[PDB]
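Next comes structure.pdb, a file with PDB, C-alpha atoms (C1' of nucleotides).
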```pdb
MODEL        1
ATOM      1  CA  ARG A 212     -39.525  22.943  31.090  1.00  0.00           C
ATOM      2  CA  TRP A 213     -35.954  21.727  30.595  1.00  0.00           C
ATOM      3  CA  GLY A 214     -36.201  17.962  30.949  1.00  0.00           C
ATOM      4  CA  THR A 215     -39.984  17.872  30.636  1.00  0.00           C
ATOM      5  CA  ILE A 216     -39.993  18.522  26.866  1.00  0.00           C
ATOM      6  CA  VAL A 217     -39.459  14.809  26.162  1.00  0.00           C
ATOM      7  CA  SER A 218     -42.867  14.139  27.727  1.00  0.00           C
ATOM      8  CA  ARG A 219     -44.606  16.063  24.933  1.00  0.00           C
ATOM      9  CA  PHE A 220     -45.570  13.960  21.881  1.00  0.00           C
ATOM     10  CA  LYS A 221     -43.856  10.892  23.323  1.00  0.00           C
ATOM     11  CA  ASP A 222     -44.279   7.789  21.122  1.00  0.00           C
ATOM     12  CA  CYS A 223     -45.993   9.918  18.459  1.00  0.00           C
ATOM     13  CA  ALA A 224     -43.210  10.258  15.887  1.00  0.00           C
ATOM     14  CA  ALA A 225     -45.360   9.540  12.814  1.00  0.00           C
ATOM     15  CA  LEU A 226     -47.227  12.850  13.159  1.00  0.00           C
ATOM     16  CA  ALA A 227     -43.880  14.662  13.223  1.00  0.00           C
ATOM     17  CA  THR A 228     -42.824  12.629  10.175  1.00  0.00           C
ATOM     18  CA  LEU A 229     -45.933  13.798   8.309  1.00  0.00           C
ATOM     19  CA  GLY A 230     -45.337  17.414   9.334  1.00  0.00           C
ATOM     20  CA  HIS A 231     -41.694  17.287   8.243  1.00  0.00           C
ATOM     21  CA  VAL A 232     -42.554  15.763   4.864  1.00  0.00           C
ATOM     22  CA  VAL A 233     -45.243  18.418   4.350  1.00  0.00           C
ATOM     23  CA  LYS A 234     -42.900  21.308   5.157  1.00  0.00           C
ATOM     24  CA  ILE A 235     -39.756  20.009   3.414  1.00  0.00           C
ATOM     25  CA  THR A 236     -41.351  19.563  -0.029  1.00  0.00           C
ATOM     26  CA  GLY A 237     -43.479  22.690  -0.415  1.00  0.00           C
ATOM     27  CA  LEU A 238     -46.625  20.666  -1.115  1.00  0.00           C
ATOM     28  CA  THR A 239     -49.959  21.081   0.603  1.00  0.00           C
ATOM     29  CA  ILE A 240     -51.194  18.364   2.959  1.00  0.00           C
ATOM     30  CA  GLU A 241     -53.763  17.155   0.405  1.00  0.00           C
ATOM     31  CA  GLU A 242     -51.022  16.734  -2.213  1.00  0.00           C
ATOM     32  CA  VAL A 243     -48.848  14.865   0.305  1.00  0.00           C
ATOM     33  CA  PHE A 244     -51.743  12.485   0.951  1.00  0.00           C
ATOM     34  CA  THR A 245     -52.337  12.291  -2.811  1.00  0.00           C
ATOM     35  CA  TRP A 246     -48.771  11.218  -3.621  1.00  0.00           C
ATOM     36  CA  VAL A 247     -48.969   7.979  -1.564  1.00  0.00           C
ATOM     37  CA  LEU A 248     -48.777   4.887  -3.783  1.00  0.00           C
ATOM     38  CA  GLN A 249     -48.884   1.919  -1.368  1.00  0.00           C
ATOM     39  CA  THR A 250     -51.863   0.259   0.287  1.00  0.00           C
ATOM     40  CA  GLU A 251     -50.104  -0.385   3.615  1.00  0.00           C
ATOM     41  CA  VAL A 252     -49.028   3.261   3.950  1.00  0.00           C
ATOM     42  CA  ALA A 253     -52.516   4.432   2.962  1.00  0.00           C
ATOM     43  CA  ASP A 254     -54.127   2.123   5.532  1.00  0.00           C
ATOM     44  CA  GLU A 255     -51.847   3.444   8.284  1.00  0.00           C
ATOM     45  CA  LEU A 256     -52.656   7.023   7.256  1.00  0.00           C
ATOM     46  CA  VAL A 257     -56.390   6.245   7.408  1.00  0.00           C
ATOM     47  CA  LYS A 258     -55.972   4.685  10.860  1.00  0.00           C
ATOM     48  CA  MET A 259     -53.904   7.723  11.901  1.00  0.00           C
ATOM     49  CA  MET A 260     -56.596  10.185  10.731  1.00  0.00           C
ATOM     50  CA  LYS A 261     -59.339   9.243  13.190  1.00  0.00           C
ATOM     51  CA  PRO A 262     -61.519  12.395  13.368  1.00  0.00           C
ATOM     52  CA  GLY A 263     -62.527  12.811  17.005  1.00  0.00           C
TER      53      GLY A 263
ATOM     54  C1'   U B   1     -42.295  -4.569  27.855  1.00  0.00           C
ATOM     55  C1'   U B   2     -42.102   0.101  25.571  1.00  0.00           C
ATOM     56  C1'   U B   3     -39.735   2.827  21.977  1.00  0.00           C
ATOM     57  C1'   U B   4     -36.699   4.821  17.268  1.00  0.00           C
ATOM     58  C1'   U B   5     -32.875  12.711  14.565  1.00  0.00           C
ATOM     59  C1'   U B   6     -26.263   9.788  19.465  1.00  0.00           C
ATOM     60  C1'   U B   7     -33.046  17.043  18.019  1.00  0.00           C
ATOM     61  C1'   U B   8     -35.068  20.554  21.302  1.00  0.00           C
ATOM     62  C1'   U B   9     -35.539  25.526  28.414  1.00  0.00           C
ATOM     63  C1'   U B  10     -37.409  29.986  25.989  1.00  0.00           C
ATOM     64  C1'   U B  11     -35.096  32.945  22.701  1.00  0.00           C
ATOM     65  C1'   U B  12     -32.198  33.446  18.581  1.00  0.00           C
ATOM     66  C1'   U B  13     -28.791  32.499  13.776  1.00  0.00           C
ATOM     67  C1'   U B  14     -21.683  36.939  10.297  1.00  0.00           C
ATOM     68  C1'   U B  15     -16.996  32.053  15.278  1.00  0.00           C
ATOM     69  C1'   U B  16     -19.534  41.217  11.720  1.00  0.00           C
ATOM     70  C1'   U B  17     -19.173  45.898  13.956  1.00  0.00           C
ATOM     71  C1'   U B  18     -16.735  52.098  19.780  1.00  0.00           C
ATOM     72  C1'   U B  19     -16.296  56.144  16.192  1.00  0.00           C
ATOM     73  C1'   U B  20     -13.220  56.902  12.232  1.00  0.00           C
ATOM     74  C1'   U B  21     -10.819  54.406   8.472  1.00  0.00           C
ATOM     75  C1'   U B  22      -8.191  51.297   4.257  1.00  0.00           C
ATOM     76  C1'   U B  23      -0.955  50.364  -0.678  1.00  0.00           C
ATOM     77  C1'   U B  24       1.490  45.518   6.352  1.00  0.00           C
ATOM     78  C1'   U B  25       3.675  53.656   0.536  1.00  0.00           C
ATOM     79  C1'   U B  26       6.188  57.965   1.711  1.00  0.00           C
ATOM     80  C1'   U B  27      11.570  63.311   5.892  1.00  0.00           C
ATOM     81  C1'   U B  28      13.749  65.561   1.570  1.00  0.00           C
ATOM     82  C1'   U B  29      16.533  63.687  -2.048  1.00  0.00           C
ATOM     83  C1'   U B  30      17.473  59.870  -5.241  1.00  0.00           C
ATOM     84  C1'   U B  31      17.410  54.837  -8.454  1.00  0.00           C
ATOM     85  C1'   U B  32      23.463  49.149 -12.118  1.00  0.00           C
ATOM     86  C1'   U B  33      23.625  45.876  -4.409  1.00  0.00           C
ATOM     87  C1'   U B  34      28.891  50.160 -11.813  1.00  0.00           C
ATOM     88  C1'   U B  35      33.404  52.740 -11.622  1.00  0.00           C
ATOM     89  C1'   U B  36      40.916  55.376  -8.284  1.00  0.00           C
ATOM     90  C1'   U B  37      43.721  55.209 -12.766  1.00  0.00           C
ATOM     91  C1'   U B  38      44.585  51.437 -17.110  1.00  0.00           C
ATOM     92  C1'   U B  39      43.756  47.284 -18.304  1.00  0.00           C
ATOM     93  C1'   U B  40      40.966  42.200 -20.032  1.00  0.00           C
ATOM     94  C1'   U B  41      43.152  33.633 -22.019  1.00  0.00           C
ATOM     95  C1'   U B  42      42.093  32.625 -13.573  1.00  0.00           C
ATOM     96  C1'   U B  43      48.437  31.962 -21.505  1.00  0.00           C
ATOM     97  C1'   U B  44      53.719  32.009 -21.769  1.00  0.00           C
ATOM     98  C1'   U B  45      61.704  31.398 -18.898  1.00  0.00           C
ATOM     99  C1'   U B  46      63.863  29.063 -23.413  1.00  0.00           C
ATOM    100  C1'   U B  47      62.817  24.416 -25.010  1.00  0.00           C
ATOM    101  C1'   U B  48      59.469  20.991 -26.009  1.00  0.00           C
ATOM    102  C1'   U B  49      54.587  17.394 -27.055  1.00  0.00           C
ATOM    103  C1'   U B  50      52.191   8.586 -26.821  1.00  0.00           C
ATOM    104  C1'   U B  51      51.439  10.209 -18.155  1.00  0.00           C
ATOM    105  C1'   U B  52      55.819   5.009 -25.289  1.00  0.00           C
ATOM    106  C1'   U B  53      60.544   2.251 -25.459  1.00  0.00           C
ATOM    107  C1'   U B  54      67.484  -1.498 -22.087  1.00  0.00           C
ATOM    108  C1'   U B  55      67.760  -5.709 -25.415  1.00  0.00           C
ATOM    109  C1'   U B  56      64.662  -9.628 -26.465  1.00  0.00           C
ATOM    110  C1'   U B  57      59.908 -11.083 -26.827  1.00  0.00           C
ATOM    111  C1'   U B  58      53.945 -11.652 -27.012  1.00  0.00           C
ATOM    112  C1'   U B  59      47.649 -17.880 -25.057  1.00  0.00           C
ATOM    113  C1'   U B  60      48.267 -14.090 -17.152  1.00  0.00           C
ATOM    114  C1'   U B  61      49.168 -22.598 -22.566  1.00  0.00           C
ATOM    115  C1'   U B  62      51.849 -26.980 -21.574  1.00  0.00           C
ATOM    116  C1'   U B  63      56.333 -32.739 -17.039  1.00  0.00           C
ATOM    117  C1'   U B  64      54.392 -37.165 -19.508  1.00  0.00           C
ATOM    118  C1'   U B  65      49.787 -38.989 -19.483  1.00  0.00           C
ATOM    119  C1'   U B  66      44.781 -38.151 -19.795  1.00  0.00           C
ATOM    120  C1'   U B  67      39.289 -35.747 -20.239  1.00  0.00           C
ATOM    121  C1'   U B  68      30.901 -37.598 -17.189  1.00  0.00           C
ATOM    122  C1'   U B  69      33.833 -32.621 -10.375  1.00  0.00           C
ATOM    123  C1'   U B  70      30.107 -41.669 -13.524  1.00  0.00           C
ATOM    124  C1'   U B  71      30.412 -46.447 -11.396  1.00  0.00           C
ATOM    125  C1'   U B  72      31.780 -52.306  -5.163  1.00  0.00           C
ATOM    126  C1'   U B  73      27.640 -55.643  -6.502  1.00  0.00           C
ATOM    127  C1'   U B  74      22.602 -55.336  -6.630  1.00  0.00           C
ATOM    128  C1'   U B  75      18.582 -51.637  -7.389  1.00  0.00           C
ATOM    129  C1'   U B  76      15.073 -47.478  -8.636  1.00  0.00           C
ATOM    130  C1'   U B  77       7.185 -44.067  -5.662  1.00  0.00           C
ATOM    131  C1'   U B  78      12.603 -39.917  -0.119  1.00  0.00           C
ATOM    132  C1'   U B  79       4.624 -46.201  -1.172  1.00  0.00           C
ATOM    133  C1'   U B  80       2.935 -49.936   1.951  1.00  0.00           C
ATOM    134  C1'   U B  81       1.655 -54.232   9.281  1.00  0.00           C
ATOM    135  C1'   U B  82      -3.584 -55.379   8.595  1.00  0.00           C
ATOM    136  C1'   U B  83      -7.735 -52.363   8.236  1.00  0.00           C
ATOM    137  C1'   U B  84      -9.515 -48.014   6.518  1.00  0.00           C
ATOM    138  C1'   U B  85     -10.576 -42.667   3.985  1.00  0.00           C
ATOM    139  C1'   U B  86     -15.644 -35.432   5.569  1.00  0.00           C
ATOM    140  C1'   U B  87      -8.648 -33.026  10.344  1.00  0.00           C
ATOM    141  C1'   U B  88     -18.599 -34.931  10.290  1.00  0.00           C
ATOM    142  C1'   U B  89     -21.819 -36.408  14.150  1.00  0.00           C
ATOM    143  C1'   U B  90     -24.499 -37.676  22.226  1.00  0.00           C
ATOM    144  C1'   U B  91     -29.581 -36.118  21.595  1.00  0.00           C
ATOM    145  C1'   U B  92     -31.926 -31.762  20.222  1.00  0.00           C
ATOM    146  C1'   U B  93     -31.329 -27.598  17.481  1.00  0.00           C
ATOM    147  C1'   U B  94     -29.944 -23.283  13.597  1.00  0.00           C
ATOM    148  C1'   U B  95     -30.624 -14.178  13.147  1.00  0.00           C
ATOM    149  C1'   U B  96     -23.125 -14.596  17.588  1.00  0.00           C
ATOM    150  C1'   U B  97     -32.752 -11.183  17.465  1.00  0.00           C
ATOM    151  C1'   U B  98     -35.959 -10.098  21.370  1.00  0.00           C
ATOM    152  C1'   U B  99     -38.576  -8.092  29.086  1.00  0.00           C
TER     153        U B  99
ENDMDL
END
```
Re-express the file's structure as structure tokens.
Amino acid sequence: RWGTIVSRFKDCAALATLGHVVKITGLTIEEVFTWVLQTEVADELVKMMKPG
RNA sequence: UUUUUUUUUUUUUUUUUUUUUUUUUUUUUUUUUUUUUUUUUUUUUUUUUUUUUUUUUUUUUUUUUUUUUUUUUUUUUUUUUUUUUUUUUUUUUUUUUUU
């Protein structure tokens, strides 16, 4: 698995960004989504939260 | 084009640890890096006290003149051929951006 780890979650850095900002603040995920105050960021989050 | 911790094998997280220990203390004594004795200006022969003086003197003044380290005369941008006056310009362009 040395060398092959860079294949996992390739070109998917925004999910890791969301996880890091959830863990580094101590807030729940709903509060992290609540504290967003821009329409562009909210639209990207909505497009990133496709259910299936 | 695609990407976007010059992050990541999994584990881990004191550049901690045999055990025992803790004045880079200690033989016992001792405790002026004091002392023969007796002395105590790194004073003194007696004289003496301007590292003063022959006398005379006293601008490290002076021949007499003189007194811009001025001057042929003419002059007075260390200006000028005329023309000119971004040490601008082919056209097109205008992140020393980009699969």
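Closest approach to chain B from the set A:215, A:263, A:247, A:257 is made by A:215, with distances taken over all atoms listed in the file.
Picture a line from atom CA of residue A:245 to atom CA of residue A:233; it runs 11.8 Å.
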Box for stretch 214-232 of chain A: with edges along x, y and z, all listed atoms inside and 5 Å added on each side, what are the centre and edge lengths in Å to one decimal, as JSON?
```
{"center_x": -41.7, "center_y": 13.2, "center_z": 17.9, "size_x": 21.0, "size_y": 20.7, "size_z": 36.1}
```
For chain A, list the residues within 7 Å of chain B, counting only C-alpha atoms (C1' of nucleotides), and write the list as a PDB file with C-alpha atoms, in the coordinates of the input.
```pdb
ATOM      1  CA  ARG A 212     -39.525  22.943  31.090  1.00  0.00           C
ATOM      2  CA  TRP A 213     -35.954  21.727  30.595  1.00  0.00           C
ATOM      3  CA  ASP A 222     -44.279   7.789  21.122  1.00  0.00           C
TER       4      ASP A 222
END
```
Practice problem: On this file, the PyMOL selection byres ((chain B and resi 5) around 12) gives some set of residues; write that set as an NGL selection string. | Solution: (:A and (224 or 227-228 or 231)) or (:B and (4 or 6-8))
Quiz item: When distances are computed from all atoms listed in the file, which of A:240, A:220, A:225, A:230 shows the smallest separation from residue A:259?
Solution: A:225
Quiz item: Mind pulling up the distance from atom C1' of residue B:98 to atom CA of residue A:218?
Solution: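 According to the coordinates, atom CA of residue A:218 and atom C1' of residue B:98 are separated by 26.0 Å.
The coordinates place atom CA of residue A:221 at 18.6 Å from atom CA of residue A:255.
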Quiz prompt | Residue neighbourhood residue A:260, 12 Å, only C-alpha atoms (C1' of nucleotides), exclusion window fewer than 6 positions, as number ranges by chain | solution = A: 225-226, 229, 244, 253-254
Will you model N, CA, C and O atoms for stretch 244-256 of chain A and pass it back as an mmCIF file, keeping the file's coordinate frame?
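Once written, result.cif looks like this:
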```cif
data_model
loop_
_atom_site.group_PDB
_atom_site.id
_atom_site.type_symbol
_atom_site.label_atom_id
_atom_site.label_comp_id
_atom_site.auth_asym_id
_atom_site.auth_seq_id
_atom_site.Cartn_x
_atom_site.Cartn_y
_atom_site.Cartn_z
ATOM 1 N N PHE A 244 -50.900 13.674 0.877
ATOM 2 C CA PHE A 244 -51.743 12.485 0.951
ATOM 3 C C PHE A 244 -52.007 11.893 -0.426
ATOM 4 O O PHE A 244 -52.125 10.672 -0.563
ATOM 5 N N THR A 245 -52.090 12.742 -1.448
ATOM 6 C CA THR A 245 -52.337 12.291 -2.811
ATOM 7 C C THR A 245 -51.170 11.473 -3.358
ATOM 8 O O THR A 245 -51.387 10.451 -4.019
ATOM 9 N N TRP A 246 -49.941 11.861 -3.048
ATOM 10 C CA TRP A 246 -48.771 11.218 -3.621
ATOM 11 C C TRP A 246 -48.378 9.898 -2.957
ATOM 12 O O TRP A 246 -47.241 9.450 -3.149
ATOM 13 N N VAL A 247 -49.264 9.258 -2.204
ATOM 14 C CA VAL A 247 -48.969 7.979 -1.564
ATOM 15 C C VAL A 247 -49.436 6.852 -2.477
ATOM 16 O O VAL A 247 -50.594 6.829 -2.908
ATOM 17 N N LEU A 248 -48.535 5.907 -2.767
ATOM 18 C CA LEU A 248 -48.777 4.887 -3.783
ATOM 19 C C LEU A 248 -48.663 3.463 -3.244
ATOM 20 O O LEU A 248 -48.356 2.545 -4.008
ATOM 21 N N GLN A 249 -48.901 3.253 -1.953
ATOM 22 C CA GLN A 249 -48.884 1.919 -1.368
ATOM 23 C C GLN A 249 -50.100 1.736 -0.477
ATOM 24 O O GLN A 249 -50.530 2.674 0.200
ATOM 25 N N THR A 250 -50.645 0.519 -0.471
ATOM 26 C CA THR A 250 -51.863 0.259 0.287
ATOM 27 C C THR A 250 -51.606 0.174 1.786
ATOM 28 O O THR A 250 -52.470 0.570 2.577
ATOM 29 N N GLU A 251 -50.436 -0.322 2.194
ATOM 30 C CA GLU A 251 -50.104 -0.385 3.615
ATOM 31 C C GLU A 251 -49.950 1.010 4.207
ATOM 32 O O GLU A 251 -50.504 1.305 5.274
ATOM 33 N N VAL A 252 -49.222 1.884 3.507
ATOM 34 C CA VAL A 252 -49.028 3.261 3.950
ATOM 35 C C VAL A 252 -50.357 4.005 3.996
ATOM 36 O O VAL A 252 -50.629 4.767 4.933
ATOM 37 N N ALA A 253 -51.206 3.790 2.989
ATOM 38 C CA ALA A 253 -52.516 4.432 2.962
ATOM 39 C C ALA A 253 -53.399 3.950 4.106
ATOM 40 O O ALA A 253 -54.129 4.746 4.708
ATOM 41 N N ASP A 254 -53.342 2.653 4.421
ATOM 42 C CA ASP A 254 -54.127 2.123 5.532
ATOM 43 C C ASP A 254 -53.665 2.695 6.867
ATOM 44 O O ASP A 254 -54.492 3.026 7.726
ATOM 45 N N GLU A 255 -52.348 2.828 7.055
ATOM 46 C CA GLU A 255 -51.847 3.444 8.284
ATOM 47 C C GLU A 255 -52.221 4.917 8.372
ATOM 48 O O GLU A 255 -52.510 5.418 9.463
ATOM 49 N N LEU A 256 -52.221 5.629 7.242
ATOM 50 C CA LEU A 256 -52.656 7.023 7.256
ATOM 51 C C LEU A 256 -54.133 7.142 7.618
ATOM 52 O O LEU A 256 -54.521 8.035 8.383
#
```
